[PDB]
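Protein chains in written order, with the entry's author numbering: chain A, 3 to 122; chain C, 3 to 122; chain D, 3 to 122; chain B, 3 to 123. Just so you know, even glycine gets a beta-carbon here, dropped at the ideal spot from N, CA and C. Okay, structure first, notes after.
Here it is as structure tokens:
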């Protein structure tokens with residue numbers, strides 16, 4: 003339902019790579035207003051969460067966001083933003099993901115690293 | 003407008019301290035589903051961005067999220083979550099914030115540090 | 003033994019709290035030169051690693067640094083710096099620590115959060 | 003001079019890219035003991051500091067580490083470790099760097115992202 007709230011679309015999934023995009027609307031903007039940094043981060047966390055889910059037996063394990071960090075580089079004002087999440091490390095109890103979030107003009111909006119716990 | 007989307011309420015503001023709460027609803031949940039880690043981080047980013055705005059001349063300067071990091075500790079399934087943002091460093095071009103996000107039971111859900119750029 | 007290299011001294015340690023100091027010498031400086039940010043981080047990581055070791059059965063488990071993040075706030079040019087590590091979360095498989103590093107003048111040099119994995 | 007302590011060697015520099023390596027000795031180990039995560043981070047921070055220095059006029063400006071974060075992935079017990087720092091963003095007042103640190107066996111030891119302030123001197 004956060005995916006629904008932000009109108010996210012899964013553009014591509016394969017083992018160790020997830021691409022998720024969303025429209026930059028007023029509902030995800032800050033007051034100034036650009037795309038809220040947090041909304042970008044939430045898109046990124048969604049991407050690597052779904053990636054980790056795709057790599058495990060979900061009847062036995064659950065992927066939980068453990069650590070997230072992010073640098074905000076450029077602003078987004080309109081159109082769409084796209085998160086590309088690529089796995090860096092696929093461990094037994096943790097996955098580490100590199101995420102880049104770009105705008106329509108191919109500009110880096112947010113660059114991010116996410117650590118997902120794999121829990122029983 | 004992200005604040006309205008997440009149904010946030012500013013519970014308290016003073017120089018260097020911001021408290022913002024929001025309900026844990028399905029629209030901010032992960033599928034499994036607990037509170038989405040991204041939504042929690044967005045709450046934190048909202049709090050320190052508002053804090054920084056309160057500390058600066060809103061007509062000469064603008065606060066932009068520059069870096070955010072967060073550790074997810076406990077899950078939230080319902081009720082309200084509350085972010086408490088305390089300033090660590092009030093510099094000329096950067097503010098650094100410590101933010102703690104707790105659930106109803108006073109459990110630490112998410113702990114976070116945010117660096118806000120102060121721009122002309 | 004990085005402890006020796008940097009001339010670290012354990013000033014206090016009790017359950018969930020570690021204080022470690024070290025001199026700001028040329029061997030830990032950047033060229034310019036201030037205290038190297040990395041040396042400061044290494045002091046912090048040392049403090050929380052030790053803390054975690056003190057909290058667990060070291061005949062069965064080992065504490066491994068999993069994630070570290072840090073904000074450099076002020077410079078140090080001389081004297082001693084002191085890292086205070088306080089535990090935020092003492093989990094079964096992870097510990098999360100908050101670490102503050104100050105200079106002689108009680109200024110914040112570096113603020114840090116560290117996640118330590120508890121491994122068999 | 004933290005460079006000397008750790009016996010770091012600059013293997014390669016060009017605009018936006020720095021490679022620095024160093025031997026895994028007892029003086030940079032943890033007790034247990036593998037390469038200390040802090041020493042690994044310090045190598046990384048050195049790499050992006052040097053990268054930023056190479057991109058700016060060092061007679062007017064100084065590069066200061068502003069924020070660093072890192073994930074420790076695998077351990078290093080011996081031989082050499084190598085930090086490759088590639089620039090992500092070269093702004094006027096900040097640089098953002100990606101750093102990867104590998105061992106001899108091409109294993110990721112530490113992966114790292116660094117924000118460097120460009121300050122007037």
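**Report entry** Residue(s) in a DSSP beta bridge with residue 56 of chain C
**Finding:** For residue 56 of chain C, DSSP assigns no beta-bridge partner whatsoever.
Query raised in the report: Which chain D residues are close to residue 69 of chain A, counting only those with a beta carbon under 7 Å from its beta carbon?
Result: Identification of chain D residues near residue 69 of chain A by a Cβ-Cβ cut-off of 7 Å yields 69, 117, ordered along the chain.
Query raised in the report: Between residue 10 of chain D and residue 99 of chain C, what straight-line distance do the alpha-carbon atoms span, to the nearest angstrom?
Result: Near 28 Å, if we compare the C-alpha coordinates of residue 99 of chain C and residue 10 of chain D.
Query raised in the report: If you check the beta carbons only, do residue 40 of chain A and residue 47 of chain C fall under 8 Å apart?
Result: In this structure, residue 40 of chain A places its C-beta atom within 8 Å of the C-beta atom of residue 47 of chain C.
Query raised in the report: Do residue 79 of chain A and residue 3 of chain C come within 8 Å of each other at the CB atom, strictly closer than that value?
Result: Going by C-beta atoms, residue 3 of chain C is not nearer than 8 Å to residue 79 of chain A.
Query raised in the report: From the beta carbon of residue 110 of chain A, is the nearest beta carbon of chain B less than 8 Å away?
Result: With a threshold of 8 Å between beta carbons, residue 110 of chain A makes contact with chain B.
Query raised in the report: Going by beta carbon distance, what residues of the same chain come within less than 6 Å of residue 82 of chain B, once the five residues before and after it are set aside?
Result: So the list reads 23, 25, once near-sequence residues are dropped.
Query raised in the report: Which whole runs of the beta strand (DSSP E) in the stretch 35-79 of chain D are 3 residues long or more, in chain order?
Result: The qualifying runs are 64-74.
**Report entry** Paired residues, beta bridge with residue 2 of chain A - DSSP
**Finding:** Because chain A is modelled from 3 through 122, residue 2 of chain A falls outside the range shown and cannot be assessed.
**Report entry** Beta-carbon proximity list for residue 107 of chain D, same chain, < 8 Å, skipping 5 on both sides
**Finding:** Around residue 107 of chain D: no qualifying Cβ.
Query raised in the report: Cβ of residue 113 of chain C less than 8 Å from any chain D Cβ?
Result: Under the Cβ distance rule, residue 113 of chain C counts among the residues neighbouring chain D, one pair being separated by less than 8 Å.
Query raised in the report: Got a sec? Which residues, its chain only, sit under 6 Å from residue 109 of chain B by beta carbon, not counting five neighbours each side?
Result: These residues qualify, in order along the chain: 76.
**Report entry** Exposed unless 16 or more other CB atoms sit within 10 angstroms - verdict on residue 61 of chain A
**Finding:** Residue 61 of chain A should be labelled exposed.
Query raised in the report: Under 8 Å Cβ-Cβ, which residues of chain C neighbour residue 98 of chain D?
Result: The contacting residues are 73, 75, 113.
Query raised in the report: Which two residues bound the contiguous beta strand (DSSP E) that contains residue 19 of chain D?
Result: Where residue 19 of chain D is concerned, the enclosing beta strand (DSSP E) stretches over 19-25.
Report task. For the alpha helix (DSSP H) holding residue 6 of chain B, just list the boundary residues, first then last. Result -> Taken as a continuous stretch (DSSP letters only), the alpha helix (DSSP H) holding residue 6 of chain B covers 4-7.
Query raised in the report: For residue 8 of chain C, does the count of other Cβ atoms within 10 angstroms reach 16, so buried, or fall short, so exposed?
Result: It counts as buried.
Report task. Step through the CB atoms of chain C and report whether any lies within less than 8 Å of the CB of residue 81 of chain A. Result -> By the rule that beta-carbons nearer than 8 Å mark a contact, residue 81 of chain A does not touch chain C.
**Report entry** Check whether residue 73 of chain A and residue 88 of chain C have beta carbons under 8 Å apart
**Finding:** Not closer than 8 Å, so no.
Requested in this report: List the residues of chain D whose Cβ lies closer than 7 Å to the Cβ of residue 103 of chain C, in chain order.
Outcome: For residue 103 of chain C, no chain D residue has a Cβ inside 7 Å of its Cβ, as the nearest lies near 12 Å away.
Query - Reference residue 42 of chain C; option with closest CA among C:121, C:112, C:52 - result: Per the Cα distances, C:112.
Report task. Using the Cα positions of residue 118 of chain A and residue 52 of chain C, report the straight-line distance between them to the nearest angstrom. Result -> Straight through space, the alpha carbons of residue 52 of chain C and residue 118 of chain A are spaced by roughly 29 Å.
Report task. Run the proximity test for residue 57 of chain D: is its beta-carbon closer than 7 Å to any non-hydrogen atom belonging to the ligand MN? Result -> For the ligand MN, the structure offers nothing, since it holds no ligand at all.
Report task. Compare the C-alpha of residue 115 of chain A against each of A:21, A:54, A:50 and name the closest. Result -> The residue with the shortest Cα to Cα distance from residue 115 of chain A is A:50.
Query raised in the report: Closer than 8 Å, CB to CB, is residue 63 of chain B near chain D or not?
Result: By this cut-off, residue 63 of chain B is not an interface position.
Requested in this report: Specify, as a first and last residue, the run of the beta strand (DSSP E) that residue 31 of chain D falls within.
Outcome: Looking at the DSSP string, residue 31 of chain D is not in any beta strand (DSSP E), and its letter there is neither H nor E.
**Report entry** Three-state secondary structure assigned by DSSP to residue 11 of chain B
**Finding:** If DSSP states are grouped into helix, strand and coil, residue 11 of chain B belongs with the strands.
Requested in this report: List the residues of chain B that residue 28 of chain D touches, going by C-beta distances under 8 Å, in chain order.
Outcome: Those are 3, listed as they occur along chain B.
Query - Whole-angstrom C-beta distance between residue 54 of chain C and residue 120 of chain C, which should lie under 8 Å - result: 7 Å between Cβ atoms; contact.
**Report entry** Residues that residue 90 of chain B contacts on chain A, provided the C-beta gap is smaller than 8 Å
**Finding:** The answer, in chain order, is 73, 75, 110, 113.
Query raised in the report: Can you give the beta carbon distance from residue 17 of chain C to residue 57 of chain C, rounded, assuming they're within the 8 Å contact cut?
Result: Contact holds; Cβ gap of about 7 Å.
Query - For residue 122 of chain B, the residue or residues it bridges with in DSSP - result: Looking at the DSSP assignment, residue 122 of chain B forms a beta bridge with B:63.
Requested in this report: Provide the residue span of the beta strand (DSSP E) that contains residue 94 of chain C, from first to last.
Outcome: Residue 94 of chain C -> no beta strand (DSSP E), and no H or E assigned at all.
Report task. May I ask you to report which of helix, strand or coil DSSP gives residue 154 of chain D? Result -> This structure does not reach residue 154 of chain D, given that chain D is present from 3 up to 122, and the question cannot be answered.
Query raised in the report: Pick from C:86, C:71, C:65: whose alpha carbon is nearest that of residue 93 of chain C?
Result: Nearest to residue 93 of chain C by C-alpha distance, out of C:86, C:71, C:65, is C:65.
Query raised in the report: Which residue's Cα is closest to the Cα of residue 33 of chain C: A:6, A:20, A:27?
Result: Answer by Cα proximity: A:6.
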